[PDB]
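K.L.:
Structure: entry.pdb, PDB, C-alpha atoms.
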```
MODEL        1
ATOM      1  CA  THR A 724      70.297  11.016   0.277  1.00  0.00           C
ATOM      2  CA  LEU A 725      73.233  13.411   0.644  1.00  0.00           C
ATOM      3  CA  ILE A 726      74.745  14.792  -2.566  1.00  0.00           C
ATOM      4  CA  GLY A 727      77.475  17.406  -2.336  1.00  0.00           C
ATOM      5  CA  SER A 728      79.911  18.759  -4.913  1.00  0.00           C
ATOM      6  CA  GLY A 729      83.498  19.296  -3.807  1.00  0.00           C
ATOM      7  CA  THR A 730      85.138  17.601  -0.842  1.00  0.00           C
ATOM      8  CA  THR A 731      82.898  17.482   2.242  1.00  0.00           C
ATOM      9  CA  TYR A 732      83.409  16.322   5.832  1.00  0.00           C
ATOM     10  CA  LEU A 733      80.792  14.653   8.049  1.00  0.00           C
ATOM     11  CA  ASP A 734      80.549  13.059  11.484  1.00  0.00           C
ATOM     12  CA  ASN A 735      78.084  12.138  14.228  1.00  0.00           C
ATOM     13  CA  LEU A 736      74.992  11.396  12.138  1.00  0.00           C
ATOM     14  CA  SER A 737      72.091  11.086  14.573  1.00  0.00           C
ATOM     15  CA  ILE A 738      68.427  10.256  14.052  1.00  0.00           C
ATOM     16  CA  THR A 739      66.085  10.472  17.015  1.00  0.00           C
ATOM     17  CA  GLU A 740      62.333  10.621  17.659  1.00  0.00           C
ATOM     18  CA  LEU A 741      60.378  13.681  18.755  1.00  0.00           C
ATOM     19  CA  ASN A 742      56.610  13.090  18.885  1.00  0.00           C
ATOM     20  CA  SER A 743      53.536  11.636  17.185  1.00  0.00           C
ATOM     21  CA  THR A 744      51.752  13.066  14.176  1.00  0.00           C
ATOM     22  CA  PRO A 745      48.038  12.425  13.574  1.00  0.00           C
ATOM     23  CA  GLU A 746      46.675  11.320  10.202  1.00  0.00           C
ATOM     24  CA  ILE A 747      43.631   9.916   8.362  1.00  0.00           C
ATOM     25  CA  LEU A 748      43.293   6.996   5.945  1.00  0.00           C
ATOM     26  CA  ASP A 749      40.124   6.355   3.874  1.00  0.00           C
ATOM     27  CA  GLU A 750      36.473   6.151   4.917  1.00  0.00           C
ATOM     28  CA  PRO A 751      32.894   5.676   3.733  1.00  0.00           C
ATOM     29  CA  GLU A 752      31.817   9.313   3.595  1.00  0.00           C
ATOM     30  CA  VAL A 753      28.614  11.349   3.227  1.00  0.00           C
ATOM     31  CA  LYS A 754      26.692   9.912   0.271  1.00  0.00           C
ATOM     32  CA  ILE A 755      24.949  12.988  -1.120  1.00  0.00           C
ATOM     33  CA  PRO A 756      23.180  10.866  -3.752  1.00  0.00           C
ATOM     34  CA  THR A 757      22.583  13.178  -6.762  1.00  0.00           C
ATOM     35  CA  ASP A 758      20.240  15.744  -8.238  1.00  0.00           C
ATOM     36  CA  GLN A 759      19.142  13.239 -10.924  1.00  0.00           C
ATOM     37  CA  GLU A 760      18.188  10.056  -9.032  1.00  0.00           C
ATOM     38  CA  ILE A 761      15.834  12.299  -7.048  1.00  0.00           C
ATOM     39  CA  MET A 762      13.996  13.028 -10.293  1.00  0.00           C
ATOM     40  CA  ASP A 763      14.433   9.327 -11.103  1.00  0.00           C
ATOM     41  CA  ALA A 764      12.876   8.305  -7.781  1.00  0.00           C
ATOM     42  CA  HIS A 765       9.725  10.385  -8.388  1.00  0.00           C
ATOM     43  CA  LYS A 766       9.349   9.121 -11.972  1.00  0.00           C
ATOM     44  CA  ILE A 767       6.559   6.845 -10.649  1.00  0.00           C
ATOM     45  CA  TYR A 768       3.778   8.568  -8.699  1.00  0.00           C
ATOM     46  CA  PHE A 769       0.029   8.465  -8.103  1.00  0.00           C
ATOM     47  CA  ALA A 770      -2.453  11.188  -7.179  1.00  0.00           C
ATOM     48  CA  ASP A 771      -5.042  10.236  -4.567  1.00  0.00           C
ATOM     49  CA  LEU A 772      -8.269  12.022  -5.423  1.00  0.00           C
ATOM     50  CA  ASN A 773     -11.396  12.992  -3.495  1.00  0.00           C
ATOM     51  CA  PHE A 774     -14.391  13.043  -5.828  1.00  0.00           C
TER      52      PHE A 774
ATOM     53  CA  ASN B 775     -13.201   4.772 -10.163  1.00  0.00           C
ATOM     54  CA  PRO B 776     -11.766   3.830  -6.744  1.00  0.00           C
ATOM     55  CA  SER B 777      -8.188   2.816  -7.600  1.00  0.00           C
ATOM     56  CA  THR B 778      -7.589   5.829  -9.866  1.00  0.00           C
ATOM     57  CA  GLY B 779      -9.684   8.935 -10.314  1.00  0.00           C
ATOM     58  CA  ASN B 780     -10.689   8.631 -13.964  1.00  0.00           C
ATOM     59  CA  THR B 781     -14.499   9.157 -13.975  1.00  0.00           C
ATOM     60  CA  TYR B 782     -15.887   6.664 -16.446  1.00  0.00           C
ATOM     61  CA  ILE B 783     -19.100   8.039 -17.988  1.00  0.00           C
ATOM     62  CA  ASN B 784     -22.557   6.622 -17.261  1.00  0.00           C
ATOM     63  CA  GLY B 785     -25.031   8.799 -19.140  1.00  0.00           C
ATOM     64  CA  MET B 786     -25.706  12.221 -20.596  1.00  0.00           C
ATOM     65  CA  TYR B 787     -28.470  14.679 -19.753  1.00  0.00           C
ATOM     66  CA  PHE B 788     -29.456  17.641 -21.901  1.00  0.00           C
ATOM     67  CA  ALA B 789     -30.623  20.672 -19.963  1.00  0.00           C
ATOM     68  CA  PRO B 790     -34.078  22.043 -20.899  1.00  0.00           C
ATOM     69  CA  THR B 791     -34.053  25.783 -21.397  1.00  0.00           C
ATOM     70  CA  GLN B 792     -37.117  27.915 -21.993  1.00  0.00           C
ATOM     71  CA  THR B 793     -36.180  28.347 -25.663  1.00  0.00           C
ATOM     72  CA  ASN B 794     -35.511  24.733 -26.672  1.00  0.00           C
ATOM     73  CA  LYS B 795     -38.484  22.664 -25.485  1.00  0.00           C
ATOM     74  CA  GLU B 796     -39.459  22.181 -29.155  1.00  0.00           C
ATOM     75  CA  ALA B 797     -36.140  20.978 -30.586  1.00  0.00           C
ATOM     76  CA  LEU B 798     -35.302  18.326 -27.985  1.00  0.00           C
ATOM     77  CA  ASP B 799     -38.788  16.774 -27.978  1.00  0.00           C
ATOM     78  CA  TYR B 800     -38.282  16.543 -31.750  1.00  0.00           C
ATOM     79  CA  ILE B 801     -35.278  14.179 -31.565  1.00  0.00           C
ATOM     80  CA  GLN B 802     -36.108  10.489 -31.049  1.00  0.00           C
ATOM     81  CA  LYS B 803     -32.882   8.456 -31.310  1.00  0.00           C
ATOM     82  CA  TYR B 804     -29.248   9.228 -30.513  1.00  0.00           C
ATOM     83  CA  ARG B 805     -26.227   7.672 -32.235  1.00  0.00           C
ATOM     84  CA  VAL B 806     -23.145   7.483 -30.014  1.00  0.00           C
ATOM     85  CA  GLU B 807     -19.474   6.756 -30.648  1.00  0.00           C
ATOM     86  CA  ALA B 808     -16.863   7.247 -27.933  1.00  0.00           C
ATOM     87  CA  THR B 809     -13.527   6.046 -26.608  1.00  0.00           C
ATOM     88  CA  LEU B 810     -14.320   2.791 -24.814  1.00  0.00           C
ATOM     89  CA  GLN B 811     -12.401   1.317 -21.875  1.00  0.00           C
ATOM     90  CA  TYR B 812     -10.392  -1.585 -23.323  1.00  0.00           C
ATOM     91  CA  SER B 813     -11.551  -1.505 -26.944  1.00  0.00           C
ATOM     92  CA  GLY B 814     -10.879   1.554 -29.086  1.00  0.00           C
ATOM     93  CA  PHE B 815     -13.099   4.238 -30.607  1.00  0.00           C
ATOM     94  CA  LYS B 816     -15.820   1.786 -31.556  1.00  0.00           C
ATOM     95  CA  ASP B 817     -19.372   2.717 -32.491  1.00  0.00           C
ATOM     96  CA  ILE B 818     -22.212   1.740 -30.169  1.00  0.00           C
ATOM     97  CA  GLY B 819     -25.833   1.660 -31.313  1.00  0.00           C
ATOM     98  CA  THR B 820     -28.430   4.339 -32.047  1.00  0.00           C
ATOM     99  CA  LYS B 821     -30.992   3.554 -29.359  1.00  0.00           C
ATOM    100  CA  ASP B 822     -33.942   5.745 -28.392  1.00  0.00           C
ATOM    101  CA  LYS B 823     -33.781   8.482 -25.780  1.00  0.00           C
ATOM    102  CA  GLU B 824     -34.994   7.751 -22.260  1.00  0.00           C
ATOM    103  CA  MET B 825     -36.330  11.099 -20.913  1.00  0.00           C
TER     104      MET B 825
ENDMDL
END
```
Rewrite the coordinates I just gave you, this time as structure tokens.

P.N.:
Amino acid sequence: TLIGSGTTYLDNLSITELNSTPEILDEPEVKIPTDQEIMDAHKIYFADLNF
Amino acid sequence: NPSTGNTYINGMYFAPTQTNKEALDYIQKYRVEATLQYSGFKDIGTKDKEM
């Protein structure tokens, strides 16, 4: 868009490529699970004992 | 117990000291009441000692 107040003069409007630009979209990332499900995983344990 | 170390009881000695050989040989029967395995805190007999 080109907005200009007061009378303006234009000519020779060019658009032209230069190069490529890298980028990144959306991934399945590192699943650092929690600090809670750890203590919910060990909620069920058993102690092996030598008599 | 093999599947879980819980140590169910089997019997009960009473150690003879030098100063109590008169009192223990004086007691004939023994009345017992304990926490059972699947029942509750039932009472179980008064049977004689076994020495």

K.L.:
Compute the set of chain A residues within 8 Å of chain B, using all atoms listed in the file, and express it as number ranges by chain.

P.N.:
A: 770-772, 774

K.L.:
Please write the residues from the selection above to a file, keeping C-alpha atoms, as a PDB file, in the frame of the given file.

P.N.:
```pdb
ATOM      1  CA  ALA A 770      -2.453  11.188  -7.179  1.00  0.00           C
ATOM      2  CA  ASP A 771      -5.042  10.236  -4.567  1.00  0.00           C
ATOM      3  CA  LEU A 772      -8.269  12.022  -5.423  1.00  0.00           C
ATOM      4  CA  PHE A 774     -14.391  13.043  -5.828  1.00  0.00           C
TER       5      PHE A 774
END
```

K.L.:
Record the distance separating atom CA of residue 821 of chain B and atom CA of residue 805 of chain B, expressed in Å with one decimal.

P.N.:
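Atom CA of residue 805 of chain B lies 6.9 Å from atom CA of residue 821 of chain B.
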
K.L.:
Enclose segment 731-745 of chain A, meaning all of its atoms listed in the file, in a box aligned along x, y and z, pad it by 3 Å on each side, and list the centre and edge lengths in Å to one decimal, as JSON.

P.N.:
```
{"center_x": 65.7, "center_y": 13.9, "center_z": 10.6, "size_x": 41.4, "size_y": 13.2, "size_z": 22.6}
```

K.L.:
List, as a PDB file with C-alpha atoms, in the coordinates of the input, every residue that the PyMOL selection byres ((chain B and resi 798-802) around 9) selects in the file provided.

P.N.:
```
ATOM      1  CA  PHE B 788     -29.456  17.641 -21.901  1.00  0.00           C
ATOM      2  CA  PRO B 790     -34.078  22.043 -20.899  1.00  0.00           C
ATOM      3  CA  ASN B 794     -35.511  24.733 -26.672  1.00  0.00           C
ATOM      4  CA  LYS B 795     -38.484  22.664 -25.485  1.00  0.00           C
ATOM      5  CA  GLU B 796     -39.459  22.181 -29.155  1.00  0.00           C
ATOM      6  CA  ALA B 797     -36.140  20.978 -30.586  1.00  0.00           C
ATOM      7  CA  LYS B 803     -32.882   8.456 -31.310  1.00  0.00           C
ATOM      8  CA  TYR B 804     -29.248   9.228 -30.513  1.00  0.00           C
ATOM      9  CA  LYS B 821     -30.992   3.554 -29.359  1.00  0.00           C
ATOM     10  CA  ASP B 822     -33.942   5.745 -28.392  1.00  0.00           C
ATOM     11  CA  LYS B 823     -33.781   8.482 -25.780  1.00  0.00           C
TER      12      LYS B 823
END
```

K.L.:
In Å to one decimal, how far is atom CA of residue 825 of chain B from atom CA of residue 812 of chain B?

P.N.:
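Between atom CA of residue 812 of chain B and atom CA of residue 825 of chain B the gap is 29.0 Å.
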
K.L.:
Export segment 780-812 of chain B from the structure block above, keeping N, CA, C and O atoms, as a compact mmCIF listing (two decimals), in the first residue's frame.

P.N.:
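This is the output file out.txt:
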```txt
# COMPACT_ATOMS: atom_id res chain seq x y z
N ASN B 780 6.85 -60.05 55.34
CA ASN B 780 5.88 -59.64 56.35
C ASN B 780 6.06 -60.37 57.68
O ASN B 780 5.66 -59.83 58.71
N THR B 781 6.68 -61.56 57.68
CA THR B 781 7.06 -62.28 58.89
C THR B 781 5.84 -62.57 59.78
O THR B 781 5.68 -62.02 60.86
N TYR B 782 4.97 -63.43 59.26
CA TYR B 782 3.93 -64.02 60.10
C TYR B 782 4.56 -64.76 61.28
O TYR B 782 5.60 -65.41 61.14
N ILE B 783 3.92 -64.67 62.46
CA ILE B 783 4.46 -65.27 63.67
C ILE B 783 4.13 -66.75 63.72
O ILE B 783 3.13 -67.21 63.14
N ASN B 784 4.97 -67.52 64.40
CA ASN B 784 4.77 -68.95 64.59
C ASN B 784 4.66 -69.34 66.05
O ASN B 784 3.83 -70.19 66.40
N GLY B 785 5.47 -68.75 66.92
CA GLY B 785 5.45 -69.08 68.32
C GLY B 785 6.07 -67.96 69.12
O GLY B 785 6.31 -66.87 68.61
N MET B 786 6.34 -68.26 70.40
CA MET B 786 6.87 -67.25 71.31
C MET B 786 7.61 -67.94 72.44
O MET B 786 6.97 -68.58 73.29
N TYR B 787 8.93 -67.81 72.46
CA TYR B 787 9.72 -68.25 73.60
C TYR B 787 9.67 -67.21 74.72
O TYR B 787 9.22 -66.08 74.53
N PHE B 788 10.14 -67.62 75.89
CA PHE B 788 10.41 -66.71 76.99
C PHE B 788 11.75 -67.09 77.58
O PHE B 788 11.93 -68.23 78.03
N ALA B 789 12.69 -66.16 77.56
CA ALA B 789 14.07 -66.49 77.91
C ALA B 789 14.19 -66.76 79.40
O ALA B 789 13.68 -65.98 80.21
N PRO B 790 14.86 -67.84 79.80
CA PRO B 790 15.08 -68.11 81.23
C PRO B 790 16.31 -67.36 81.72
O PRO B 790 17.42 -67.60 81.26
N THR B 791 16.11 -66.44 82.66
CA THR B 791 17.24 -65.84 83.34
C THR B 791 17.47 -66.55 84.66
O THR B 791 16.68 -67.39 85.10
N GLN B 792 18.58 -66.21 85.30
CA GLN B 792 18.92 -66.83 86.57
C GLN B 792 17.91 -66.47 87.66
O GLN B 792 17.70 -67.24 88.60
N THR B 793 17.25 -65.32 87.53
CA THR B 793 16.41 -64.77 88.58
C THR B 793 14.92 -65.02 88.35
O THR B 793 14.10 -64.48 89.10
N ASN B 794 14.54 -65.81 87.34
CA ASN B 794 13.12 -65.99 87.08
C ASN B 794 12.76 -67.43 86.78
O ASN B 794 11.79 -67.70 86.07
N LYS B 795 13.54 -68.39 87.29
CA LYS B 795 13.21 -69.80 87.10
C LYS B 795 12.06 -70.25 87.98
O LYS B 795 11.57 -71.37 87.81
N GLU B 796 11.62 -69.42 88.92
CA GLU B 796 10.50 -69.73 89.81
C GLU B 796 9.18 -69.21 89.26
O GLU B 796 8.14 -69.88 89.40
N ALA B 797 9.19 -68.04 88.62
CA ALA B 797 7.96 -67.41 88.16
C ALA B 797 7.42 -68.08 86.90
O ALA B 797 6.20 -68.28 86.78
N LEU B 798 8.30 -68.43 85.96
CA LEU B 798 7.83 -69.03 84.72
C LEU B 798 7.30 -70.44 84.94
O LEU B 798 6.24 -70.81 84.42
N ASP B 799 8.03 -71.26 85.71
CA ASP B 799 7.55 -72.59 86.05
C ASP B 799 6.29 -72.57 86.90
O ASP B 799 5.73 -73.63 87.19
N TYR B 800 5.86 -71.38 87.32
CA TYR B 800 4.62 -71.21 88.05
C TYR B 800 3.41 -71.03 87.14
O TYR B 800 2.29 -71.34 87.56
N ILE B 801 3.61 -70.57 85.92
CA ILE B 801 2.51 -70.27 85.00
C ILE B 801 2.23 -71.50 84.14
O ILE B 801 3.14 -72.04 83.51
N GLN B 802 0.96 -71.92 84.10
CA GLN B 802 0.57 -73.14 83.39
C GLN B 802 0.00 -72.84 82.00
O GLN B 802 0.51 -73.36 81.00
N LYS B 803 -1.04 -72.02 81.92
CA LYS B 803 -1.69 -71.71 80.65
C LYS B 803 -1.29 -70.32 80.17
O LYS B 803 -0.66 -69.54 80.88
N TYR B 804 -1.67 -70.01 78.93
CA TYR B 804 -1.39 -68.71 78.34
C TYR B 804 -2.54 -68.34 77.42
O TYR B 804 -2.83 -69.07 76.47
N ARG B 805 -3.20 -67.22 77.70
CA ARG B 805 -4.31 -66.74 76.89
C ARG B 805 -3.79 -65.72 75.89
O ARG B 805 -3.10 -64.76 76.27
N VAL B 806 -4.11 -65.91 74.62
CA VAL B 806 -3.54 -65.13 73.54
C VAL B 806 -4.65 -64.46 72.74
O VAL B 806 -5.73 -65.02 72.54
N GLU B 807 -4.36 -63.25 72.27
CA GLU B 807 -5.27 -62.51 71.40
C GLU B 807 -4.41 -61.59 70.55
O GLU B 807 -3.69 -60.75 71.09
N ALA B 808 -4.47 -61.76 69.23
CA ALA B 808 -3.59 -61.03 68.34
C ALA B 808 -4.32 -60.66 67.06
O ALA B 808 -5.44 -61.12 66.80
N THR B 809 -3.68 -59.83 66.25
CA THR B 809 -4.18 -59.52 64.92
C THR B 809 -3.94 -60.71 64.00
O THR B 809 -2.79 -61.08 63.73
N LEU B 810 -5.02 -61.31 63.52
CA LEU B 810 -4.93 -62.49 62.67
C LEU B 810 -4.58 -62.06 61.25
O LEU B 810 -4.26 -60.90 60.98
N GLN B 811 -4.62 -63.01 60.31
CA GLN B 811 -4.26 -62.71 58.93
C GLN B 811 -5.43 -62.09 58.16
O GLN B 811 -5.35 -60.94 57.72
N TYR B 812 -6.52 -62.84 58.01
CA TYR B 812 -7.67 -62.36 57.26
C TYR B 812 -8.84 -61.96 58.16
O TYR B 812 -9.60 -61.06 57.80
```
